[PDB]
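> Sharing a structure here in structure tokens format.
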Ligand SMILES: *[C@@H]1O[C@H](CO[C@@H]2O[C@@H](C)[C@@H](O)[C@@H](O)[C@@H]2O)[C@@H](O[C@@H]2O[C@H](CO)[C@@H](O)[C@H](O)[C@H]2NC(C)=O)[C@H](O)[C@H]1NC(C)=O
Ligand SMILES: *[C@@H]1O[C@H](CO[C@@H]2O[C@@H](C)[C@@H](O)[C@@H](O)[C@@H]2O)[C@@H](O[C@@H]2O[C@H](CO)[C@@H](O)[C@H](O)[C@H]2NC(C)=O)[C@H](O)[C@H]1NC(C)=O
Ligand SMILES: *[C@@H]1O[C@H](CO)[C@@H](O)[C@H](O)[C@H]1NC(C)=O
Ligand SMILES: *[C@@H]1O[C@H](CO)[C@@H](O)[C@H](O)[C@H]1NC(C)=O
Ligand SMILES: *[C@@H]1O[C@H](CO)[C@@H](O)[C@H](O)[C@H]1NC(C)=O
Ligand SMILES: [Cl-]
Ligand SMILES: [Cl-]
């Protein structure tokens, strides 16, 4: 199975899936390897080749630090790279239904990982179930992360910032220019991603250069207005400079700083990324998106508020316990191996861990808002998790959706509350950040693994996501399902996703978000 693309021929492989077949092209290059003088620069166009490029295995993952907090534990290791790390990592994957489709809608996945980690080859991102079951084409790309992907010297093409976002953009262009040859419709492309991947999707909604590269968008647990999503020009300068010093690259000429950094080995750069910030948190994004004046022309909050974004439909959602996952990466008294009952003192120490540069008054205000107990030994444990989840994910996703829908477009919001029967993390962590992904990709449809109720749930989510991509409406129209209403600034209706009963509810976390969205930004 050979497909002719603009830059050359590529050969795929046949996969058997649910008594059917899917053709996969894993590892197609979409840009010039960003090595040597190209390190830290925007991705460059790829020169044609002849011969047949074999896209039969996942390519290298981009350089990045790995989570070594729990060696041998599947809960954490399932997110680590499963392919060799390398600066030569600008590749993408394509899964297409078989027989070849005639004008299939295209879903483009952008992985998360705090803009410091991640890769498109993870098992939970395998696009073969969606291609098989919904007959859509699935594309996913690797983009640069960490300093190699986001180091910034605003204005300087040697390291302008947002390089990883331009990698994503160049892959979207590849789809525009080449997907028809695979039987895809470039006029029906939906971006979807989770966490930093969702934040990325939201930035493409803001970037004029990405406007014509896609049709609709799905944001799972993330948006650019989240507090960890955009690095300020101030922080970025201090960070690029701290990295320079830590690697012996400080120099009067900034362009000389970059030349020096280009001689360091990826490992010396990775090793020092951690220390570029005086005091970080388990949610630190040392090197992330910045207002570079190219991909992003102004502070995103201003663009959102003033309606400067691509006008189209959006599907946005969050999980019930977004914050718990981070508590075991630094909050005192927490452990994935016991019930983590903490005390008021520990809760207070926890706030210090998650809100390092916050005034004492700021922290007390968080404590006052979350400790008006409705006794229960797990009050403080549960409160710190909600504090972290509301501030970092839920409230920002809700504000993004409200502000976006005020300009006229249909928006749909979900609250995912099902805890995987297979979750390796303890029960107290609940419906964790990242654990809706396997349902969206259809892993529970594979019986060889999950309960019957999960197969059904995953089946409905898959259908709703596909209907959103193809038709701009996330409904499951055949099995007497709850209709998903549009989210409007007034009523604020949202759909809950679970195995029990799906319900229409209103004003998710109203009281908590008024605190984070209106008040807290002032302290
Ligand atoms: C901007 O960076 C300075 C410098 O950071 C230090 O040096 C870097 C190379 C790196 O190794 C960091 O870990 C160091 O902290 C920050 O200033 C530091 O502030 C802390 C406060 O706790 C102090 O203990 C250090 O001595 C200071 N570093 C020095 C030697 O001046 C500064 O905090 C950063 N600016 C911001 C955003 O606050
Ligand atoms: C839950 O465990 C934490 C973490 O302790 C580590 O992991 C445990 C499972 C066990 O193997 C310990 O020996 C490990 O050190 C406990 O938190 C520690 O508590 C002690 C005393 O309160 C304190 O001195 C340490 O600083 C704490 N460590 C951390 C990371 O906070 C916690 O007490 C346990 N809670 C329970 C059993 O409910
Ligand atoms: C690509 O795959 C074909 C068929 O498997 C093989 O003949 C060819 O040598 C491969 N090209 C390489 C390894 O460069
Ligand atoms: C695919 O459908 C689009 C409309 O969405 C149409 O413009 C295009 O011509 C179709 N592509 C094919 C099958 O040629
Ligand atoms: C609808 O119901 C049928 C049979 O009752 C079931 O097999 C199928 O998975 C359901 N389809 C969706 C999209 O949930
Ligand atoms: Cl490992
Ligand atoms: Cl239902």
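All residue numbers given for chain A refer to Swiss-Prot; the residues shown span 32-405, 408-482, 484-557 in order.
Quick check of the header: X-ray crystallography, 2.0 Å.
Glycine is no exception: its Cβ is also placed from the backbone N, Cα and C atoms.
Pasting the feature list from Swiss-Prot:
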type	residues	note
ACT_SITE	226	active site, acyl-ester intermediate
ACT_SITE	353	active site, charge relay system
ACT_SITE	466	active site, charge relay system
BINDING	144, 145	substrate binding site
CARBOHYD	85	N-linked glycosylation site
CARBOHYD	134	N-linked glycosylation site
CARBOHYD	269	N-linked glycosylation site
CARBOHYD	284	N-linked glycosylation site
CARBOHYD	369	N-linked glycosylation site
CARBOHYD	513	N-linked glycosylation site
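Help me picture these features in the structure, burial and contacts included.
Around residue 226 (active site, acyl-ester intermediate), taking its Cβ as the centre, 27 other Cβ atoms fall within 10 Å, counting all chains. Residue 226 (active site, acyl-ester intermediate) falls within neither a helix nor a strand when secondary structure is assigned with DSSP, and so counts as coil.
Within its own chain, residue 353 (active site, charge relay system) has 252, 421, 422, 425, 426, 427, 465, 466 as residues 6 or more apart in sequence whose C-beta sits under 8 angstroms from its own.
Residue density at residue 466 (active site, charge relay system): 25 other Cβ atoms are found within 10 A of its Cβ, drawing on all protein chains shown.
Close to residue 144 (substrate binding site) in the fold, though at least 6 residues off in sequence, lie 95, 110, 176, 226, 227, 228, each with a CB less than 8 Å from its CB. When secondary structure is read from DSSP and collapsed to three states, residue 144 (substrate binding site) falls in the coil class.
Over all protein chains present, the Cβ of residue 85 (N-linked glycosylation site) has 15 other Cβ atoms lying within 10 Å.
In the three-state DSSP assignment, the secondary structure recorded for residue 134 (N-linked glycosylation site) is coil.
For the recorded site, residue 269 (N-linked glycosylation site), the DSSP three-state label reads helix. Its Cβ placed at the centre, residue 269 (N-linked glycosylation site) has 14 other Cβ atoms within 10 Å.
For residue 284 (N-linked glycosylation site), applying a Cβ distance below 8 Å and a minimum sequence separation of six or more within one chain yields no residues. DSSP assigns residue 284 (N-linked glycosylation site) to coil, not to a helix or a strand.
Under 8 Å, Cβ to Cβ, and six or more positions away along its own chain, residue 369 (N-linked glycosylation site) finds no residue.
Residues within less than 8 Å, Cβ to Cβ, of residue 513 (N-linked glycosylation site) and separated from it by at least 6 positions along the same chain comprise 494.
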> Tell me the Cβ contacts of residue 145 (substrate binding site) under 8 Å, same chain only and six or more apart in sequence, or just say none.
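Spatial neighbours, sequence-distant, of residue 145 (substrate binding site): 226, 227, 259, 314, 315, 316, 319.
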> Measuring Cα to Cα, tell me the gap between residue 85 (N-linked glycosylation site) and residue 269 (N-linked glycosylation site) in whole angstrom.
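So the Cα of residue 269 (N-linked glycosylation site) lies 43 Å away from that of residue 85 (N-linked glycosylation site).
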> Just how far apart, in Å, sit the Cα atoms of residue 405 and residue 408 across 2 unmodelled residues?
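So the two residues bracketing the gap are 9 Å apart at Cα.
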> I want to check the contact list for residue 134 (N-linked glycosylation site): same chain, sequence separation of six or more, C-beta distance under 8 angstroms. What comes out?
214, 215, 216, 219
> What does DSSP assign residue 85 (N-linked glycosylation site), in three states?
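SS state of residue 85 (N-linked glycosylation site) = strand.
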